[PDB]
Structure formats: structure tokens, C-alpha cells
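> kindly generate the corresponding structure for this input.
(chains A, B, C and D, ligands or ions: 7)
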Amino acid sequence: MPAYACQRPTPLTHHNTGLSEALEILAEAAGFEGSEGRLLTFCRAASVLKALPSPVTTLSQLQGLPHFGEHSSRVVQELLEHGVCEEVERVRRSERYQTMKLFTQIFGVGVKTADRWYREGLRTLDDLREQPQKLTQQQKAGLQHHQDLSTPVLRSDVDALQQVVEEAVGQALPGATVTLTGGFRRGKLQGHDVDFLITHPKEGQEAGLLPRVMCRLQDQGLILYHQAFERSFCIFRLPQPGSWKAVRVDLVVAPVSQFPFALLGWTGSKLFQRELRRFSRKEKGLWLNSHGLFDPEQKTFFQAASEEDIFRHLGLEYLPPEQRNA
DNA sequence: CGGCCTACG
DNA sequence: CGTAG
DNA sequence: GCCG
Ligand SMILES: [Mn+2]
Ligand SMILES: [Mn+2]
Ligand SMILES: [Mn+2]
Ligand SMILES: [Mn+2]
Ligand SMILES: [Mn+2]
Ligand SMILES: [Mn+2]
Ligand code: NA
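Residues are numbered from 1 along each chain as shown, chains lettered A, B, ... in the order given. Ligands and ions are numbered 1, 2, ... in the order given. Take a look at the structure below.
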């Protein structure tokens, strides 16, 4: 088992679901306390289990696995022997965990804001609604739409949404294309939002595109909320039988020269991409982001025509999106 | 021990 | 500060 | 919390 998640296939469904979910609770809780290092170790340990070919049945099967030390091994041991880990359950029921989870779920609220509200004594959404002058416009939108935004987006919803985005994109710039990214591109059947990547085959034609797209979607009455720019974090009105629901949609524009890097970055998973950027820098001495791959010694950017090119540049076996579910 | 991804709005 | 994978 |  290699130490970096980008070095091994990780399928969407696997054989250690219960174990990985428990470690991800501890990862999430570490994030709420500002310990990004502990969050990373628990996320990485969970991801190792997702990549295994069969269920872990005995503690002995953890020896030699990367990111399993005393703490993560004790969690698994308690789950194997008792079906529950007391630490995990204590986190689950804790007021701190439940409230930080509730608050950070709000669009416009991060860990730092949620923690401040927690220290001020706030605990519920209605607490926040009874003091609305303290909220940003973004947070007000996130709170008004919170119920709809807590409802999973179905892959069945995504097709209809892509065609309306394509219509606006085609008026904004004929020939421009829309690609579904994020978790749906990795094969998820549900998600918390829809992610789209927009480009145009003629380099430079994409300049100034996203404002033109947003104006057109807004004129169609489809935009419930949005803030030159190249990323837009929106709330869209999506049809429903006899009504509609609010859905989070992210739109990103990239020049076609950067498209493989943007496709790779926006297809995720989040942990996969953090691990891939870490691997690039620490093992290969190259700097990766969603715009390109930089050699800081020769002062040059790698040209990529495909995701396959990027894996080759980095000396990694190619993984299709459905094996990037770290 | 230091490091932990790397951007844009 | 928020947001993205 | 774990790697290297
Ligand atoms: Mn170990
Ligand atoms: Mn026991
Ligand atoms: Mn998504
Ligand atoms: Mn998104
Ligand atoms: Mn850019
Ligand atoms: Mn996210
Ligand atoms: Na949030």
C-alpha cells in the first residue's frame, strides 16, 4: 500500500465503509478544533481502508498500512471487537460537534465563524435568524436556503441543469463547452452541489465569459443567489414537480491550455487533489494547481493536453475519475 | 522535529 | 473572512 | 496523528 492516495485506486464503494466513516468523524472533529494535521491523518487512514481489496477483520491486518498508528488502530480495534468506538460516539453526541457541523454546513459560514458563534452561545439556526444584522448577504442566502441545500442533488437532476447552463453559455460565447466535474464525474449518484467547468477551443476566447454567462442565467430567472471573475458559487432554482428547489451550482472557466489541470483539480476528490499536490511538490519537486504544473528549477510550465499527460508528467499510473474517490 | 494543497471571490 | 476540488 |  503506497503512502499517498494518488498512488492507488480508490473506488466509490468499497469493503470497509463502517470503519472509514468512523475515522472520518474524528477527522471532521479535528477540523472543527483547528487541527488540520490530525484531520489529515484521520482522512488518510480512512482513505487507506477505502483502497483495500476486502474487509478488515482483525487488527493484524493493519500492520504495515500507512497512516495507522496507535490512535487510528485503537479506533478500528474497538469497532471490530464491540461494533462501536467510544471516542467516536462521544464526538457524535457532543454539543460542540453537532453545532459546529450545523453551522459550517451553512453556505457562507466557515469553521472560524461557526466557532465564534459557538463561543457566543449560539446553537441553532433559529438563533442565527433572530439576529440577522450580524449576517453577511452570503450567510443570509445560505440560511434562507439551508433546508433545500441540505437535500441531496440527484444525478437525475444534473442533466436538466447542464442543458440550461449550456444554453446560457452558448449565447454568451458560441462554441464554448460545459463539462460536469466534481463528485458526479467520479460516479456519485448524489451530491451536495453540481460543479461545471467551461472552456472554449480557441485560446483566449474564454476571457470575460463568466460574467456574460451569469447575466444570462440571471435574466432567465434561474439565479437565486450569486455574488471580472472565473469562479462563481451560485444558488440555482431547479424545477421540481409543481414547484422547484434551491441547488448549489459552481461554475468555473478555464482557458483550453489550462483545461486538463482545471478538470483534474475540480474532479477531486478533495483529499485526492491535496495528496496529488503534496506528492508533486515533495516527491517530484514540481508545483501543481488548477492552472498548471510548474518546474521551479527550470522556471517552466508543463503543457498538458489531457489528464493522462499530467499523471505521466508526475510519474504516476493513470487513475480514471471513478478511482479518485480518496 | 517540520509538514501537512493551493488557489480564487 | 468566505469559497472550490 | 502520523511520516519521513
Ligand atoms: Mn503503523
Ligand atoms: Mn474491548
Ligand atoms: Mn460537488
Ligand atoms: Mn462545488
Ligand atoms: Mn486564473
Ligand atoms: Mn465541498
Ligand atoms: Na459553510
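
> what residues does the stretch 101-250 of chain A put near DNA strand B?
Residues of the stretch 101-250 of chain A lying close to DNA strand B by CB under 7 Å from any atom of the strand are A:227, A:229-233. Using the backbone N, CA and C atoms, a C-beta is placed for each residue, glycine as well.

> filter the residues you listed to the buried ones?
A:230, A:232-233 (16 or more other CB atoms under 10 Å).

> show me these that map onto strands.
Those of these mapping onto strands are A:232-233, per DSSP state E.

> in chain A, which helix is the longest?
helix A:155-172 (DSSP state H).

> domain ranges for chain A, per the record?
Per curated CATH domains, the structural domains of chain A span A:1-94, A:95-151, A:152-256, A:257-325.

> could I get those as CSV with distance to DNA strand C?
As requested, these are exported to CSV (distance: least, CB to the nearest atom of the strand, whole Å):
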stretch, distance to DNA strand C
domain A:1-94, 11
domain A:95-151, 3
domain A:152-256, 4
domain A:257-325, 2
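
> can you give me the end-to-end span of stretch A:311-322?
Terminal residues of stretch A:311-322 lie 15 Å apart, using CA to CA, to the nearest Å.

> list the buried residues for the strand or helix carrying residue A:99?
Residue A:99 belongs to helix A:95-104 when assigned by DSSP states H and E. By neighbour count with 16+ other CB under 10 Å, helix A:95-104 contains the buried residues A:97, A:99-100, A:102-104.

> try stretch A:202-210
By neighbour count on 16+ other CB under 10 Å, the buried set for stretch A:202-210 is A:205-206, A:209-210.

> repeat that for stretch A:300-311.
For stretch A:300-311, the neighbour count (16+ other CB under 10 Å) marks A:302, A:304, A:307, A:309-311 as buried.

> now do it: distance to the chain's middle.
A distance of 22 Å separates the centroid of the chain from that of stretch A:300-311, by CA atoms, centre = their mean, to the nearest Å.

> repeat for stretch A:269-289
For stretch A:269-289 - counting by CA atoms, centre = their mean - the centre lies 16 Å from the chain centre.

> what's in contact with it?
A:4-7, A:10, A:40, A:43-44, A:47, A:183, A:186, A:261, A:264-265, A:293-297, A:302, A:313-316, A:324-326 (CB atoms under 8 Å, 6 or more residues apart in numbering).

> so what strands line up beside the strand or helix carrying residue A:244?
Per DSSP H and E, residue A:244 falls inside strand A:243-253. Using DSSP bridges, the strands paired with strand A:243-253 are strand A:194-199 (parallel), strand A:231-240 (antiparallel).

> does it reach ligand 7?
No - judged by CB under 5 Å from the ion, strand A:243-253 makes no contact with ligand 7; its nearest approach is 10.5 Å.

> how about that strand as CSV, C-alpha atoms only?
This file holds the C-alpha atoms of strand A:243-253, laid out as CSV (Å, rounded to 0.1, in the frame of the first residue of the first chain):
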residue,chain,number,x,y,z
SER,A,243,-42.6,23.7,-7.8
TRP,A,244,-38.8,24.0,-7.5
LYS,A,245,-35.9,23.7,-5.2
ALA,A,246,-32.7,25.6,-4.5
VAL,A,247,-29.5,23.9,-5.6
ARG,A,248,-25.9,24.9,-5.2
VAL,A,249,-24.0,25.2,-8.5
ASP,A,250,-20.4,26.1,-9.1
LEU,A,251,-19.3,27.4,-12.4
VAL,A,252,-15.6,27.7,-13.4
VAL,A,253,-14.0,29.0,-16.5
